[PDB]
Student: 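Got a structure here, written out as structure tokens. Questions coming.
Counting begins at 1 with the first residue of the sequence. Computation of the quantities below employed the complete heavy-atom set of this structure, encompassing side-chain atoms and omitting hydrogens, waters and symmetry-equivalent molecules.
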Amino acid sequence: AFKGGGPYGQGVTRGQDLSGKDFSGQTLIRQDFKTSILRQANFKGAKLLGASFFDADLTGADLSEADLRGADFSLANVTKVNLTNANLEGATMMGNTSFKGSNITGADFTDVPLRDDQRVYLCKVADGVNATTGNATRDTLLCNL
């Protein structure tokens, strides 16, 4: 329970080194993690609607079962992140974002705009149904049409 729980002021989370910090299950709607370091951070089941991970480093983080609707992952390092059952409906991930090594089993990528190259990679590793939405990960990604 990071700093006993919060809510957290934006100054607490923005441009900070928060590696290995535990935010699991917390309400973090529109929390500003822009350009923070979040390696191995725990966001399992966190509520992160509209949160900013703009140019954050999420390497190895747990975002499994997180509510990430409308969150911004543009320019983020999302390598080796657990996104099992994460809801990314309407999130953004512009530019040089890397998802290399990430587990996206049952992730929901509805209305997430993707470049061809991002869709190609994600579709190589995409499977499952979202425990929450029953959308098929491959369909949200439009892998097969």
Student: Judged by atom type as modelled, is there a donor-acceptor pair below 3.5 Å linking the side chain of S64 to the main-chain atoms of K44?
Tutor: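 Not a single qualifying donor-acceptor pair exists.
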Student: Does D17, at its CG atom, have more than 12 non-hydrogen atoms belonging to other residues, nucleotides or ligands within less than 6.0 Å?
Tutor: yes
Student: Using atom types as modelled and distance alone, determine if a side-chain donor or acceptor of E89 lies under 3.5 Å from a backbone N or O of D67.
Tutor: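 Side chain of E89 to backbone of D67: no pair is present.
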Student: Could you go through the ring pair (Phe, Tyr, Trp, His ring centres under 6.0 Å) check for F2 and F43 one step at a time?
Tutor: CA-CA 11 Å; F2 179 68; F43 293 97; 10.0 Å; no
Student: Answer yes or no: is there a side-chain heavy-atom contact under 4.5 Å between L141 and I104?
Tutor: yes
Student: Would you compute the distance between atom CG of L142 and atom CG of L122 and round it to the nearest 0.5 angstrom?
Tutor: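 Between atom CG of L142 and atom CG of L122 there are 12.0 Å.
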Student: Are side-chain heavy atoms of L18 and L38 found at a separation under 4.5 Å?
Tutor: yes
Student: What distance separates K47 NZ from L28 CG, expressed to the nearest 0.5 Å?
Tutor: 11.0 Å
Student: Is the shortest heavy-atom distance from the side chain of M94 to the side chain of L75 under 4.5 Å?
Tutor: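 The answer is no, as the side chains (C-beta and beyond) never meet within the 4.5 Å cut-off.
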Student: For atom CZ of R115, decide whether the heavy atoms of other residues, nucleotides or ligands shown that lie under 6.0 angstrom number more than 12.
Tutor: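 Yes, CZ of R115 has more than 12 neighbouring heavy atoms, counting only those of other groups under 6.0 Å.
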Student: Say whether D108 and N135, considering side chains only, have a donor N or O and an acceptor N or O under 3.5 Å apart.
Tutor: yes
Student: Taking the cut-offs as 6.0 angstrom to the six-membered ring centre and 45 degrees off its axis, would you call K34 and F54 a cation-pi pair?
Tutor: yes
Student: What do you reckon, is CG of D116 surrounded by more than 12 foreign heavy atoms closer than 6.0 Å?
Tutor: no
Student: Would you say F23 and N42 make side-chain contact, with heavy atoms under 4.5 Å?
Tutor: no
Student: For a ring pair (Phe, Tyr, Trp, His ring centres under 6.0 Å) check, start with the C-alpha distance between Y8 and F33, then their side-chain angles and the critical distance, and finish with the verdict.
Tutor: CA-CA 11 Å; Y8 308 100; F33 292 101; 8.3 Å; no
Student: Just by distance, no angles: are the side chains of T105 and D127 close enough, under 3.5 Å, to form a donor-acceptor pair?
Tutor: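 There is such a pair between these side chains.
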Student: Do the side-chain N and O atoms of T13 and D32 include a donor-acceptor pair separated by under 3.5 angstrom?
Tutor: no
Student: Regarding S52 and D72, is there a side-chain donor-to-acceptor distance under 3.5 Å anywhere?
Tutor: no
Student: Side chains of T110 and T140: is there a donor and an acceptor less than 3.5 Å apart?
Tutor: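 Short answer, no.
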Student: Is any side-chain heavy atom of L58 closer than 4.5 Å to a side-chain heavy atom of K80?
Tutor: no
Student: So, applying side-chain contact (heavy atoms from CB on, under 4.5 Å) with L48, which one of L63, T27, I29 is it?
Tutor: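 Of the listed options, the one satisfying the test is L63.
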Student: Taking side chain as C-beta onward, heavy atoms only, is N87 less than 4.5 Å from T133?
Tutor: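 Side chain of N87 against side chain of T133, heavy atoms only: contact under 4.5 Å found.
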Student: Give, for atom CD of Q40 and atom OG of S19, the distance between the pair rounded to the nearest 0.5 Å.
Tutor: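 If I round to the nearest 0.5 Å, the distance is 6.5 Å.
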Student: Can you tell me how far the OG1 atom of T59 sits from the NZ atom of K100, to the nearest 0.5 Å?
Tutor: 12.0 Å
Student: Flag the pair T35 / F53 as yes when at least one side-chain heavy-atom distance between them is below 4.5 Å, and no otherwise.
Tutor: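 Of all side-chain heavy-atom pairs linking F53 with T35, none is under 4.5 Å.
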Student: Would you indicate whether the side-chain heavy atoms of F73 and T92 approach each other to under 4.5 Å?
Tutor: no
Student: Just by distance, with hydrogens left out, do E65 and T132 show a side-chain donor and acceptor under 3.5 Å apart?
Tutor: yes
